[PDB]
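Chemist: This is the content of structure.pdb (PDB, C-alpha atoms and all ligand atoms):
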MODEL        1
ATOM      1  CA  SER A 368     -10.013   2.833 -29.424  1.00  0.00           C
ATOM      2  CA  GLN A 369      -6.224   2.239 -29.124  1.00  0.00           C
ATOM      3  CA  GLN A 370      -6.323   4.759 -26.166  1.00  0.00           C
ATOM      4  CA  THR A 371      -8.760   2.417 -24.342  1.00  0.00           C
ATOM      5  CA  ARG A 372      -6.208  -0.451 -24.752  1.00  0.00           C
ATOM      6  CA  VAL A 373      -3.379   1.756 -23.372  1.00  0.00           C
ATOM      7  CA  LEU A 374      -5.477   2.677 -20.264  1.00  0.00           C
ATOM      8  CA  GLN A 375      -6.435  -0.988 -19.699  1.00  0.00           C
ATOM      9  CA  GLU A 376      -2.703  -1.883 -19.632  1.00  0.00           C
ATOM     10  CA  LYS A 377      -1.893   0.893 -17.135  1.00  0.00           C
ATOM     11  CA  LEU A 378      -4.718  -0.243 -14.825  1.00  0.00           C
ATOM     12  CA  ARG A 379      -3.665  -3.898 -15.086  1.00  0.00           C
ATOM     13  CA  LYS A 380      -0.020  -3.114 -14.208  1.00  0.00           C
ATOM     14  CA  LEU A 381      -0.939  -0.962 -11.189  1.00  0.00           C
ATOM     15  CA  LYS A 382      -3.247  -3.715  -9.851  1.00  0.00           C
ATOM     16  CA  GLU A 383      -0.549  -6.394 -10.366  1.00  0.00           C
ATOM     17  CA  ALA A 384       1.971  -4.223  -8.427  1.00  0.00           C
ATOM     18  CA  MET A 385      -0.400  -4.527  -5.368  1.00  0.00           C
ATOM     19  CA  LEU A 386      -0.119  -8.351  -5.272  1.00  0.00           C
ATOM     20  CA  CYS A 387       2.199 -10.489  -3.059  1.00  0.00           C
ATOM     21  CA  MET A 388       5.674 -11.034  -4.663  1.00  0.00           C
ATOM     22  CA  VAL A 389       5.776 -14.650  -3.470  1.00  0.00           C
ATOM     23  CA  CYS A 390       2.274 -16.119  -4.248  1.00  0.00           C
ATOM     24  CA  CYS A 391       1.162 -13.527  -6.882  1.00  0.00           C
ATOM     25  CA  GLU A 392      -2.469 -14.156  -5.742  1.00  0.00           C
ATOM     26  CA  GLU A 393      -3.207 -12.235  -2.571  1.00  0.00           C
ATOM     27  CA  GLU A 394      -2.953  -8.516  -1.871  1.00  0.00           C
ATOM     28  CA  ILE A 395       0.097  -7.145  -0.088  1.00  0.00           C
ATOM     29  CA  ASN A 396      -0.940  -6.345   3.526  1.00  0.00           C
ATOM     30  CA  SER A 397       2.193  -6.996   5.642  1.00  0.00           C
ATOM     31  CA  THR A 398       5.452  -5.123   6.319  1.00  0.00           C
ATOM     32  CA  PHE A 399       8.828  -6.655   7.322  1.00  0.00           C
ATOM     33  CA  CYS A 400      10.141  -4.579  10.318  1.00  0.00           C
ATOM     34  CA  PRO A 401      12.375  -2.709  10.749  1.00  0.00           C
ATOM     35  CA  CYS A 402      13.454  -2.586   7.060  1.00  0.00           C
ATOM     36  CA  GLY A 403      10.015  -1.520   5.829  1.00  0.00           C
ATOM     37  CA  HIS A 404       9.737  -3.672   2.658  1.00  0.00           C
ATOM     38  CA  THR A 405       5.951  -4.192   2.149  1.00  0.00           C
ATOM     39  CA  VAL A 406       5.810  -6.881  -0.548  1.00  0.00           C
ATOM     40  CA  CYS A 407       3.940  -9.890   0.893  1.00  0.00           C
ATOM     41  CA  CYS A 408       0.504 -11.137   1.966  1.00  0.00           C
ATOM     42  CA  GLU A 409       0.131 -12.302   5.630  1.00  0.00           C
ATOM     43  CA  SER A 410       0.582 -15.999   4.816  1.00  0.00           C
ATOM     44  CA  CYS A 411       3.788 -15.580   2.751  1.00  0.00           C
ATOM     45  CA  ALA A 412       5.308 -13.104   5.305  1.00  0.00           C
ATOM     46  CA  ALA A 413       4.660 -15.464   8.258  1.00  0.00           C
ATOM     47  CA  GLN A 414       7.749 -17.735   8.108  1.00  0.00           C
ATOM     48  CA  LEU A 415      10.395 -15.601   6.405  1.00  0.00           C
ATOM     49  CA  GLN A 416      13.368 -14.985   8.735  1.00  0.00           C
ATOM     50  CA  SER A 417      15.020 -12.371   6.443  1.00  0.00           C
ATOM     51  CA  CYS A 418      13.590  -9.824   4.025  1.00  0.00           C
ATOM     52  CA  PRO A 419      13.274 -11.295   0.445  1.00  0.00           C
ATOM     53  CA  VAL A 420      14.200  -7.833  -1.000  1.00  0.00           C
ATOM     54  CA  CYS A 421      17.156  -6.605   1.191  1.00  0.00           C
ATOM     55  CA  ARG A 422      18.138  -9.674   3.303  1.00  0.00           C
ATOM     56  CA  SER A 423      17.765  -7.743   6.607  1.00  0.00           C
ATOM     57  CA  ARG A 424      16.591  -9.800   9.607  1.00  0.00           C
ATOM     58  CA  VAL A 425      12.814  -9.692  10.134  1.00  0.00           C
ATOM     59  CA  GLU A 426      12.334  -8.692  13.797  1.00  0.00           C
ATOM     60  CA  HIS A 427       8.533  -8.826  13.344  1.00  0.00           C
ATOM     61  CA  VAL A 428       5.743  -8.331  10.747  1.00  0.00           C
ATOM     62  CA  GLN A 429       3.376  -5.310  10.991  1.00  0.00           C
ATOM     63  CA  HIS A 430      -0.104  -5.702   9.404  1.00  0.00           C
ATOM     64  CA  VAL A 431      -1.018  -2.734   7.157  1.00  0.00           C
ATOM     65  CA  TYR A 432      -4.466  -1.345   6.313  1.00  0.00           C
ATOM     66  CA  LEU A 433      -4.165   0.485   2.929  1.00  0.00           C
ATOM     67  CA  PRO A 434      -6.905   2.555   1.169  1.00  0.00           C
ATOM     68  CA  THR A 435      -6.258   0.550  -2.082  1.00  0.00           C
ATOM     69  CA  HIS A 436      -7.285  -2.765  -0.431  1.00  0.00           C
ATOM     70  CA  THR A 437     -10.186  -4.443  -2.474  1.00  0.00           C
ATOM     71  CA  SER A 438      -9.927  -8.254  -1.884  1.00  0.00           C
ATOM     72  CA  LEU A 439     -12.451 -10.011   0.420  1.00  0.00           C
ATOM     73  CA  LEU A 440      -9.517 -10.952   2.761  1.00  0.00           C
ATOM     74  CA  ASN A 441      -8.729  -7.249   3.412  1.00  0.00           C
ATOM     75  CA  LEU A 442     -12.373  -5.993   3.656  1.00  0.00           C
TER      76      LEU A 442
ATOM     77  CA  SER B 368     -15.038   6.088 -26.727  1.00  0.00           C
ATOM     78  CA  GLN B 369     -17.172   6.221 -23.543  1.00  0.00           C
ATOM     79  CA  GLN B 370     -15.064   3.242 -22.214  1.00  0.00           C
ATOM     80  CA  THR B 371     -11.913   5.441 -22.509  1.00  0.00           C
ATOM     81  CA  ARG B 372     -13.594   7.955 -20.097  1.00  0.00           C
ATOM     82  CA  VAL B 373     -14.655   5.121 -17.721  1.00  0.00           C
ATOM     83  CA  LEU B 374     -11.054   3.733 -17.607  1.00  0.00           C
ATOM     84  CA  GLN B 375      -9.601   7.229 -17.063  1.00  0.00           C
ATOM     85  CA  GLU B 376     -11.875   7.618 -14.010  1.00  0.00           C
ATOM     86  CA  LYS B 377     -10.890   4.198 -12.618  1.00  0.00           C
ATOM     87  CA  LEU B 378      -7.178   5.043 -13.036  1.00  0.00           C
ATOM     88  CA  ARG B 379      -7.647   8.452 -11.412  1.00  0.00           C
ATOM     89  CA  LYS B 380      -9.441   6.943  -8.381  1.00  0.00           C
ATOM     90  CA  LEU B 381      -6.793   4.232  -7.873  1.00  0.00           C
ATOM     91  CA  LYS B 382      -3.976   6.840  -8.099  1.00  0.00           C
ATOM     92  CA  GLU B 383      -5.833   9.145  -5.648  1.00  0.00           C
ATOM     93  CA  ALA B 384      -6.190   6.200  -3.186  1.00  0.00           C
ATOM     94  CA  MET B 385      -2.333   6.031  -3.069  1.00  0.00           C
ATOM     95  CA  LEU B 386      -2.047   9.723  -1.943  1.00  0.00           C
ATOM     96  CA  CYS B 387      -1.833  10.977   1.655  1.00  0.00           C
ATOM     97  CA  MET B 388      -5.373  11.381   3.203  1.00  0.00           C
ATOM     98  CA  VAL B 389      -4.247  14.572   5.033  1.00  0.00           C
ATOM     99  CA  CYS B 390      -2.227  16.663   2.480  1.00  0.00           C
ATOM    100  CA  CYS B 391      -3.618  15.008  -0.715  1.00  0.00           C
ATOM    101  CA  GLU B 392      -0.275  15.781  -2.429  1.00  0.00           C
ATOM    102  CA  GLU B 393       2.363  13.206  -1.498  1.00  0.00           C
ATOM    103  CA  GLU B 394       2.372   9.398  -1.796  1.00  0.00           C
ATOM    104  CA  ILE B 395       1.434   7.271   1.209  1.00  0.00           C
ATOM    105  CA  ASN B 396       4.663   5.741   2.610  1.00  0.00           C
ATOM    106  CA  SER B 397       4.178   5.592   6.403  1.00  0.00           C
ATOM    107  CA  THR B 398       2.352   3.320   8.869  1.00  0.00           C
ATOM    108  CA  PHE B 399       1.015   4.373  12.304  1.00  0.00           C
ATOM    109  CA  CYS B 400       2.115   1.642  14.807  1.00  0.00           C
ATOM    110  CA  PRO B 401       0.753  -0.428  16.399  1.00  0.00           C
ATOM    111  CA  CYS B 402      -2.691   0.082  14.745  1.00  0.00           C
ATOM    112  CA  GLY B 403      -1.402  -0.430  11.205  1.00  0.00           C
ATOM    113  CA  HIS B 404      -3.343   2.361   9.417  1.00  0.00           C
ATOM    114  CA  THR B 405      -1.197   3.285   6.376  1.00  0.00           C
ATOM    115  CA  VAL B 406      -2.818   6.473   5.058  1.00  0.00           C
ATOM    116  CA  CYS B 407      -0.201   9.276   5.262  1.00  0.00           C
ATOM    117  CA  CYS B 408       3.011  10.617   3.745  1.00  0.00           C
ATOM    118  CA  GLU B 409       6.000  10.920   6.165  1.00  0.00           C
ATOM    119  CA  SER B 410       5.515  14.684   6.686  1.00  0.00           C
ATOM    120  CA  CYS B 411       1.865  14.463   7.834  1.00  0.00           C
ATOM    121  CA  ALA B 412       2.529  11.222   9.822  1.00  0.00           C
ATOM    122  CA  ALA B 413       5.310  13.010  11.808  1.00  0.00           C
ATOM    123  CA  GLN B 414       2.836  15.664  13.010  1.00  0.00           C
ATOM    124  CA  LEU B 415       0.060  13.384  14.338  1.00  0.00           C
ATOM    125  CA  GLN B 416       0.091  12.047  17.924  1.00  0.00           C
ATOM    126  CA  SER B 417      -3.117  10.042  17.319  1.00  0.00           C
ATOM    127  CA  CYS B 418      -4.096   7.953  14.241  1.00  0.00           C
ATOM    128  CA  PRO B 419      -6.487  10.011  11.982  1.00  0.00           C
ATOM    129  CA  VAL B 420      -8.479   6.844  11.126  1.00  0.00           C
ATOM    130  CA  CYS B 421      -8.959   5.120  14.591  1.00  0.00           C
ATOM    131  CA  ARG B 422      -7.669   7.692  17.138  1.00  0.00           C
ATOM    132  CA  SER B 423      -5.266   5.146  18.727  1.00  0.00           C
ATOM    133  CA  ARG B 424      -2.046   6.696  20.141  1.00  0.00           C
ATOM    134  CA  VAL B 425       0.872   6.587  17.644  1.00  0.00           C
ATOM    135  CA  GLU B 426       3.684   4.644  19.444  1.00  0.00           C
ATOM    136  CA  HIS B 427       5.893   5.050  16.359  1.00  0.00           C
ATOM    137  CA  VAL B 428       5.845   5.527  12.546  1.00  0.00           C
ATOM    138  CA  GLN B 429       7.187   2.701  10.293  1.00  0.00           C
ATOM    139  CA  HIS B 430       8.360   3.776   6.819  1.00  0.00           C
ATOM    140  CA  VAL B 431       7.002   1.439   4.078  1.00  0.00           C
ATOM    141  CA  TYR B 432       8.589   0.616   0.688  1.00  0.00           C
ATOM    142  CA  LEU B 433       5.694  -0.413  -1.650  1.00  0.00           C
ATOM    143  CA  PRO B 434       6.044  -1.775  -5.236  1.00  0.00           C
ATOM    144  CA  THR B 435       3.427   0.829  -6.431  1.00  0.00           C
ATOM    145  CA  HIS B 436       5.694   3.766  -5.375  1.00  0.00           C
TER     146      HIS B 436
HETATM  147  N1  LIG C 501      -9.521  -2.041   4.712  1.00  0.00           N
HETATM  148  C1  LIG C 501      -9.853  -0.667   5.093  1.00  0.00           C
HETATM  149  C2  LIG C 501      -9.806  -0.500   6.625  1.00  0.00           C
HETATM  150  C3  LIG C 501      -9.219   0.870   6.826  1.00  0.00           C
HETATM  151  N2  LIG C 501      -8.239   0.962   5.720  1.00  0.00           N
HETATM  152  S1  LIG C 501      -7.517   2.408   5.552  1.00  0.00           S
HETATM  153  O1  LIG C 501      -6.676   2.309   4.401  1.00  0.00           O
HETATM  154  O2  LIG C 501      -6.938   2.723   6.823  1.00  0.00           O
HETATM  155  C4  LIG C 501      -8.763   3.615   5.194  1.00  0.00           C
HETATM  156  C5  LIG C 501      -9.332   4.355   6.215  1.00  0.00           C
HETATM  157  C6  LIG C 501     -10.309   5.290   5.916  1.00  0.00           C
HETATM  158  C7  LIG C 501     -10.707   5.494   4.611  1.00  0.00           C
HETATM  159  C8  LIG C 501     -10.120   4.779   3.595  1.00  0.00           C
HETATM  160  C9  LIG C 501      -9.148   3.837   3.881  1.00  0.00           C
HETATM  161  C10 LIG C 501      -8.915   0.418   4.522  1.00  0.00           C
HETATM  162  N1  LIG C 502       5.407  -4.239  21.693  1.00  0.00           N
HETATM  163  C1  LIG C 502       5.831  -3.667  20.412  1.00  0.00           C
HETATM  164  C2  LIG C 502       5.537  -4.560  19.204  1.00  0.00           C
HETATM  165  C3  LIG C 502       5.645  -3.586  18.076  1.00  0.00           C
HETATM  166  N2  LIG C 502       4.906  -2.412  18.601  1.00  0.00           N
HETATM  167  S1  LIG C 502       5.161  -1.022  17.799  1.00  0.00           S
HETATM  168  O1  LIG C 502       4.112  -0.122  18.174  1.00  0.00           O
HETATM  169  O2  LIG C 502       5.329  -1.391  16.427  1.00  0.00           O
HETATM  170  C4  LIG C 502       6.682  -0.320  18.377  1.00  0.00           C
HETATM  171  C5  LIG C 502       7.898  -0.890  18.033  1.00  0.00           C
HETATM  172  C6  LIG C 502       9.076  -0.304  18.457  1.00  0.00           C
HETATM  173  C7  LIG C 502       9.046   0.832  19.236  1.00  0.00           C
HETATM  174  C8  LIG C 502       7.839   1.392  19.586  1.00  0.00           C
HETATM  175  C9  LIG C 502       6.654   0.822  19.162  1.00  0.00           C
HETATM  176  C10 LIG C 502       5.122  -2.350  20.064  1.00  0.00           C
HETATM  177  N1  LIG C 503      10.432  -4.235  -7.727  1.00  0.00           N
HETATM  178  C1  LIG C 503       9.963  -4.451  -6.357  1.00  0.00           C
HETATM  179  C2  LIG C 503      10.980  -5.231  -5.505  1.00  0.00           C
HETATM  180  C3  LIG C 503      10.616  -4.801  -4.119  1.00  0.00           C
HETATM  181  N2  LIG C 503      10.445  -3.342  -4.298  1.00  0.00           N
HETATM  182  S1  LIG C 503       9.865  -2.545  -3.008  1.00  0.00           S
HETATM  183  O1  LIG C 503      10.422  -3.182  -1.856  1.00  0.00           O
HETATM  184  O2  LIG C 503       8.448  -2.467  -3.159  1.00  0.00           O
HETATM  185  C4  LIG C 503      10.502  -0.899  -3.097  1.00  0.00           C
HETATM  186  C5  LIG C 503       9.627   0.173  -3.151  1.00  0.00           C
HETATM  187  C6  LIG C 503      10.121   1.464  -3.202  1.00  0.00           C
HETATM  188  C7  LIG C 503      11.477   1.681  -3.260  1.00  0.00           C
HETATM  189  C8  LIG C 503      12.345   0.614  -3.260  1.00  0.00           C
HETATM  190  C9  LIG C 503      11.866  -0.682  -3.163  1.00  0.00           C
HETATM  191  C10 LIG C 503       9.700  -3.153  -5.563  1.00  0.00           C
HETATM  192 ZN    ZN C 504       1.502 -14.367  -0.697  1.00  0.00          ZN
HETATM  193 ZN    ZN C 505      13.842  -5.335   3.412  1.00  0.00          ZN
HETATM  194 ZN    ZN C 506       0.724  14.254   3.667  1.00  0.00          ZN
HETATM  195 ZN    ZN C 507      -5.212   3.630  13.348  1.00  0.00          ZN
ENDMDL
END
As a first step, turn the structure in this file into structure tokens.
Modeler:
Amino acid sequence: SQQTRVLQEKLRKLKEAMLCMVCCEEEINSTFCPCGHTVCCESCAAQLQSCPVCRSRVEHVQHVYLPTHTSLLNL
Amino acid sequence: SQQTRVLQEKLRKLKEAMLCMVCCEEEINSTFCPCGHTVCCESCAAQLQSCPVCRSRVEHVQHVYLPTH
């Protein structure tokens, strides 16, 4: 039904929000510290000197284990 | 249709996976450091001296800003 199409769109958008903002392919699993923006995969977060969202200096990256993780790289 | 019920269940499970594993009421937004387990809201994370997933000592809690929030 049309309701099935609406639910498919909601699911698709939530899943896309869990993907890296730089490569759009891998799941987000890294946090820029101390600002806390958690928007990148490990590879894309590796060489950024400043946060791509707030411009704060990246003192270090913290790996995060989230219950939503489903990609082979995070299992 | 039956597919509408299947999609509602998938959406419910994904939304429940974003909620605190301790209180089940607030969104996950905190990481236990240095282990990295990100399973609690800030109120439950503040009250735990040991990670509830791996039992490692919590050296500090890092707030996380996630695009799914
Ligand atoms: N990749 C996995 C490894 C652990 N994380 S988790 O989010 O800490 C977690 C812990 C226990 C139950 C459900 C989720 C997910
Ligand atoms: N050697 C450091 C590297 C980061 N970790 S930490 O647990 O994130 C941490 C950071 C700041 C204060 C207290 C704990 C310990
Ligand atoms: N539209 C994206 C751009 C980056 N943000 S964010 O860093 O995930 C964030 C999450 C919660 C509050 C404020 C910011 C979402
Ligand atoms: Zn990436
Ligand atoms: Zn930032
Ligand atoms: Zn909680
Ligand atoms: Zn842990």
Chemist: Once the PyMOL selection byres (((chain A and resi 424) around 12) and not hetatm) has been applied to the shown file, what residues remain in the selection, as a compact mmCIF listing (two decimals) with C-alpha atoms, in the frame of the given file?
Modeler:
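The result, stored in out_25.txt:
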# COMPACT_ATOMS: atom_id res chain seq x y z
CA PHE A 399 8.83 -6.66 7.32
CA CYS A 400 10.14 -4.58 10.32
CA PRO A 401 12.38 -2.71 10.75
CA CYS A 402 13.45 -2.59 7.06
CA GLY A 403 10.02 -1.52 5.83
CA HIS A 404 9.74 -3.67 2.66
CA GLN A 414 7.75 -17.74 8.11
CA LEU A 415 10.40 -15.60 6.40
CA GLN A 416 13.37 -14.98 8.74
CA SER A 417 15.02 -12.37 6.44
CA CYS A 418 13.59 -9.82 4.03
CA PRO A 419 13.27 -11.30 0.44
CA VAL A 420 14.20 -7.83 -1.00
CA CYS A 421 17.16 -6.60 1.19
CA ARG A 422 18.14 -9.67 3.30
CA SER A 423 17.76 -7.74 6.61
CA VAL A 425 12.81 -9.69 10.13
CA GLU A 426 12.33 -8.69 13.80
CA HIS A 427 8.53 -8.83 13.34
CA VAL A 428 5.74 -8.33 10.75
Chemist: Closest to chain A among B:405, B:397, B:414, B:423, using all atoms listed in the file?
Modeler: B:405
Chemist: Residues of chain B no more than 10 Å from chain A, counting all atoms listed in the file: send them over as a JSON list (two decimals) with C-alpha atoms, keeping the file's coordinate frame.
Modeler:
[["chain", "number", "residue", "atom", "x", "y", "z"],
["B", 368, "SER", "CA", -15.04, 6.09, -26.73],
["B", 369, "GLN", "CA", -17.17, 6.22, -23.54],
["B", 370, "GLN", "CA", -15.06, 3.24, -22.21],
["B", 371, "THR", "CA", -11.91, 5.44, -22.51],
["B", 372, "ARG", "CA", -13.59, 7.96, -20.10],
["B", 373, "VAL", "CA", -14.66, 5.12, -17.72],
["B", 374, "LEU", "CA", -11.05, 3.73, -17.61],
["B", 375, "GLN", "CA", -9.60, 7.23, -17.06],
["B", 377, "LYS", "CA", -10.89, 4.20, -12.62],
["B", 378, "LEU", "CA", -7.18, 5.04, -13.04],
["B", 379, "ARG", "CA", -7.65, 8.45, -11.41],
["B", 380, "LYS", "CA", -9.44, 6.94, -8.38],
["B", 381, "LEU", "CA", -6.79, 4.23, -7.87],
["B", 382, "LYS", "CA", -3.98, 6.84, -8.10],
["B", 383, "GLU", "CA", -5.83, 9.14, -5.65],
["B", 384, "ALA", "CA", -6.19, 6.20, -3.19],
["B", 385, "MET", "CA", -2.33, 6.03, -3.07],
["B", 386, "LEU", "CA", -2.05, 9.72, -1.94],
["B", 387, "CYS", "CA", -1.83, 10.98, 1.66],
["B", 388, "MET", "CA", -5.37, 11.38, 3.20],
["B", 395, "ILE", "CA", 1.43, 7.27, 1.21],
["B", 396, "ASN", "CA", 4.66, 5.74, 2.61],
["B", 397, "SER", "CA", 4.18, 5.59, 6.40],
["B", 398, "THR", "CA", 2.35, 3.32, 8.87],
["B", 399, "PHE", "CA", 1.01, 4.37, 12.30],
["B", 400, "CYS", "CA", 2.12, 1.64, 14.81],
["B", 401, "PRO", "CA", 0.75, -0.43, 16.40],
["B", 402, "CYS", "CA", -2.69, 0.08, 14.74],
["B", 403, "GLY", "CA", -1.40, -0.43, 11.20],
["B", 404, "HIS", "CA", -3.34, 2.36, 9.42],
["B", 405, "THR", "CA", -1.20, 3.28, 6.38],
["B", 406, "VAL", "CA", -2.82, 6.47, 5.06],
["B", 407, "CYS", "CA", -0.20, 9.28, 5.26],
["B", 429, "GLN", "CA", 7.19, 2.70, 10.29],
["B", 430, "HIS", "CA", 8.36, 3.78, 6.82],
["B", 431, "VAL", "CA", 7.00, 1.44, 4.08],
["B", 432, "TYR", "CA", 8.59, 0.62, 0.69],
["B", 433, "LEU", "CA", 5.69, -0.41, -1.65],
["B", 434, "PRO", "CA", 6.04, -1.78, -5.24],
["B", 435, "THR", "CA", 3.43, 0.83, -6.43],
["B", 436, "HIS", "CA", 5.69, 3.77, -5.38]]
Chemist: Report the distance between CA of residue 422 in chain B and CA of residue 412 in chain A in Å, rounded to one decimal place.
Modeler: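 For CA of residue 422 in chain B relative to CA of residue 412 in chain A, the distance reads 27.2 Å.
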Chemist: Counting all atoms listed in the file, name the residues that have an atom within 7 Å of an atom of ligand ZN 504 (chain C); the answer should be given as number ranges by chain.
Modeler: A: 387-393, 407-411
Chemist: Using all atoms listed in the file, which residues have at least one atom no more than 7 Å from ligand ZN 506 (chain C)? Output them as a VMD selection string.
Modeler: chain B and resid 387 to 393 407 to 411
Chemist: Any idea what the distance is between atom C5 of ligand LIG 501 (chain C) and CA of residue 420 in chain B?
Modeler: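 These two atoms are separated by 5.6 Å.
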Chemist: If the box runs along x, y and z of the file and leaves 5 Å on each side of range 378-390 of chain B, what are its centre and edge lengths in Å, one decimal, as AutoDock Vina command-line options?
Modeler:
--center_x -5.6 --center_y 10.4 --center_z -4.0 --size_x 17.6 --size_y 22.4 --size_z 28.1
Chemist: Find the residue from B:376, B:418, B:425, B:394 that sits nearest to ligand LIG 503 (chain C); use all atoms listed in the file when measuring.
Modeler: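 When distances to ligand LIG 503 (chain C) are compared using all atoms listed in the file, the smallest one comes from B:394.
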Chemist: Report, in Å with one decimal, the straight-line distance from CA of residue 426 in chain B to atom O2 of ligand LIG 501 (chain C).
Modeler: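 About the pair CA of residue 426 in chain B and atom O2 of ligand LIG 501 (chain C): they are 16.6 Å apart.
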Chemist: Mind filling out range 409-426 of chain A with N, CA and C atoms and sending it as a PDB file, in the frame of the given file?
Modeler:
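Done, and the output landed in out.pdb:
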ATOM      1  N   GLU A 409      -0.097 -11.819   4.256  1.00  0.00           N
ATOM      2  CA  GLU A 409       0.131 -12.302   5.630  1.00  0.00           C
ATOM      3  C   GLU A 409       0.687 -13.736   5.686  1.00  0.00           C
ATOM      4  N   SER A 410       0.130 -14.617   4.843  1.00  0.00           N
ATOM      5  CA  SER A 410       0.582 -15.999   4.816  1.00  0.00           C
ATOM      6  C   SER A 410       2.054 -16.114   4.375  1.00  0.00           C
ATOM      7  N   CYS A 411       2.411 -15.463   3.249  1.00  0.00           N
ATOM      8  CA  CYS A 411       3.788 -15.580   2.751  1.00  0.00           C
ATOM      9  C   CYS A 411       4.788 -14.899   3.689  1.00  0.00           C
ATOM     10  N   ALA A 412       4.366 -13.821   4.402  1.00  0.00           N
ATOM     11  CA  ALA A 412       5.308 -13.104   5.305  1.00  0.00           C
ATOM     12  C   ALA A 412       5.559 -13.861   6.613  1.00  0.00           C
ATOM     13  N   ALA A 413       4.648 -14.768   6.974  1.00  0.00           N
ATOM     14  CA  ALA A 413       4.660 -15.464   8.258  1.00  0.00           C
ATOM     15  C   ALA A 413       5.918 -16.233   8.630  1.00  0.00           C
ATOM     16  N   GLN A 414       6.587 -16.914   7.676  1.00  0.00           N
ATOM     17  CA  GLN A 414       7.749 -17.735   8.108  1.00  0.00           C
ATOM     18  C   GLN A 414       9.092 -17.260   7.580  1.00  0.00           C
ATOM     19  N   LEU A 415       9.107 -16.086   6.882  1.00  0.00           N
ATOM     20  CA  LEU A 415      10.395 -15.601   6.405  1.00  0.00           C
ATOM     21  C   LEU A 415      11.212 -15.022   7.541  1.00  0.00           C
ATOM     22  N   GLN A 416      12.478 -15.462   7.679  1.00  0.00           N
ATOM     23  CA  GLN A 416      13.368 -14.985   8.735  1.00  0.00           C
ATOM     24  C   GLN A 416      14.101 -13.697   8.314  1.00  0.00           C
ATOM     25  N   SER A 417      14.312 -13.516   7.007  1.00  0.00           N
ATOM     26  CA  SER A 417      15.020 -12.371   6.443  1.00  0.00           C
ATOM     27  C   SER A 417      14.183 -11.784   5.327  1.00  0.00           C
ATOM     28  N   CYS A 418      14.352 -10.496   5.081  1.00  0.00           N
ATOM     29  CA  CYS A 418      13.590  -9.824   4.025  1.00  0.00           C
ATOM     30  C   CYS A 418      13.970 -10.401   2.638  1.00  0.00           C
ATOM     31  N   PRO A 419      12.962 -10.779   1.789  1.00  0.00           N
ATOM     32  CA  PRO A 419      13.274 -11.295   0.445  1.00  0.00           C
ATOM     33  C   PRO A 419      13.804 -10.194  -0.508  1.00  0.00           C
ATOM     34  N   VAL A 420      13.681  -8.880  -0.130  1.00  0.00           N
ATOM     35  CA  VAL A 420      14.200  -7.833  -1.000  1.00  0.00           C
ATOM     36  C   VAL A 420      15.633  -7.440  -0.573  1.00  0.00           C
ATOM     37  N   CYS A 421      15.879  -7.173   0.728  1.00  0.00           N
ATOM     38  CA  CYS A 421      17.156  -6.605   1.191  1.00  0.00           C
ATOM     39  C   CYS A 421      17.955  -7.496   2.094  1.00  0.00           C
ATOM     40  N   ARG A 422      17.425  -8.714   2.449  1.00  0.00           N
ATOM     41  CA  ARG A 422      18.138  -9.674   3.303  1.00  0.00           C
ATOM     42  C   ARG A 422      18.240  -9.268   4.774  1.00  0.00           C
ATOM     43  N   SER A 423      17.694  -8.113   5.181  1.00  0.00           N
ATOM     44  CA  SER A 423      17.765  -7.743   6.607  1.00  0.00           C
ATOM     45  C   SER A 423      16.938  -8.722   7.449  1.00  0.00           C
ATOM     46  N   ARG A 424      17.353  -8.927   8.712  1.00  0.00           N
ATOM     47  CA  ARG A 424      16.591  -9.800   9.607  1.00  0.00           C
ATOM     48  C   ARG A 424      15.189  -9.205   9.843  1.00  0.00           C
ATOM     49  N   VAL A 425      14.182 -10.083   9.879  1.00  0.00           N
ATOM     50  CA  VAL A 425      12.814  -9.692  10.134  1.00  0.00           C
ATOM     51  C   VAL A 425      12.614  -9.805  11.633  1.00  0.00           C
ATOM     52  N   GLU A 426      12.549  -8.662  12.342  1.00  0.00           N
ATOM     53  CA  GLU A 426      12.334  -8.692  13.797  1.00  0.00           C
ATOM     54  C   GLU A 426      10.881  -9.028  14.084  1.00  0.00           C
TER      55      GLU A 426
END
